[PDB]
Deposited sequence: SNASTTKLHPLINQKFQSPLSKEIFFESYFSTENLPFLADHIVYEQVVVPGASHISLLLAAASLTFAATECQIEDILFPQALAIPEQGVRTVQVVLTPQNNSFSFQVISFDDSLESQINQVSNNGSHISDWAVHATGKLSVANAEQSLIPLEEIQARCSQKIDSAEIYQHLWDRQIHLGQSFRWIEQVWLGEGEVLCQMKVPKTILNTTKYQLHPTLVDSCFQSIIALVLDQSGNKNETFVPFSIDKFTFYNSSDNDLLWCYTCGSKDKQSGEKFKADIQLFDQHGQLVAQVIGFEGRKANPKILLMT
């Protein structure tokens, strides 16, 4: 295990592509039991980004990292005690790396596409607190999802407190007790997912069946992994006016010290029935 998320790296001077191989299993990755959709273990797109960051971390000497044009063709589902083999395939392009995340048990599914690429300022917590002043029970975020069949266990419940504003939200997040070794990660999958959960605070209004599943992300930048048990998420976004079915958002994940940890530009979720995934 080169990384808690990757068993093997493979390259050859006889293929263009660089490969990573992981065995996705609740046995190997306990935390995946905490993200269930209709009784079944469903790996969130967030987990794919974390996997890519780990891939990157094993290819670049650089710590800073940028993921672009992210698309999530198919969901990944791990059957009861089943094992799926997950591969990241990096194809070198000019200036950057193109990628696919795939899995299989000769068919296979494509869970993420986009490019990898090699990616300096402080977020003022006091300024955002002044405009996100409406305190909201963080249980309402989890309750919203639980109602949409998105059952998050405790390791996926980082969001500790929520302050709502006008088309913007602030959350404090704390590493759950169930997860011990976050330092071995760039960004734990559950943390990445928590950042996406932040947009739910913006769509709590009122069909309890359909919900916003991640569709695309224009640019995801990881900067450095915080040693801290305490993080701050800042999220700005709106539902489109025409259909009201796509939510666009910007997310900023930062430090006690205002130091940017990760940021999401151009996040798009779409209203979908969880049953398809």
(request) Identify which parts of the deposited sequence carry no C-alpha coordinates, going from the N-terminal end onward. (result) 1 to 6, 112 to 128, 143 to 145, 233 to 234, 306 to 308
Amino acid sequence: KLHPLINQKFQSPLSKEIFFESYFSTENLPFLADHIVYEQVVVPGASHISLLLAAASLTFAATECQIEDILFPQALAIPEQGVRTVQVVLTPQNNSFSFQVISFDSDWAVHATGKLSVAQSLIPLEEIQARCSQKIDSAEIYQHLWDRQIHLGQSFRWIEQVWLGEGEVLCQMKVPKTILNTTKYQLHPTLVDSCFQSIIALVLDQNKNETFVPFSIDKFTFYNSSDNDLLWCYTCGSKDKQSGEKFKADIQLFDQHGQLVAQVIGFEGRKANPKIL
From here on, numbers count along this sequence of modelled residues.
(message) Tell me which stretch, 160 to 168 or 178 to 186, has the higher mean Cα B-factor listed in the entry.
(response) 178 to 186
(message) Regarding 223 to 231 and 248 to 256, which shows the higher C-alpha temperature factor on average in the entry?
(response) 223 to 231
(request) Would you mind ranking residue 148 by its C-alpha B-factor against the rest of the chain and naming the third, lowest, middle or highest? (result) highest
(request) Would you mind checking where the Cα B-factor of residue 270 ranks among the modelled residues of its chain, as the lowest, middle or highest third? (result) lowest
(message) Based on the deposited C-alpha B factors for this chain, I'd like to know if residue 81 is in the lowest, middle or highest third.
(response) highest
(request) Looking at the entry's B-factor column for C-alpha atoms only, identify whether residue 68 ranks in the lowest, middle or highest third of its chain. (result) lowest
(request) Compare the C-alpha B factor of residue 97 with those of the other modelled residues in its chain, then answer lowest, middle or highest third. (result) highest
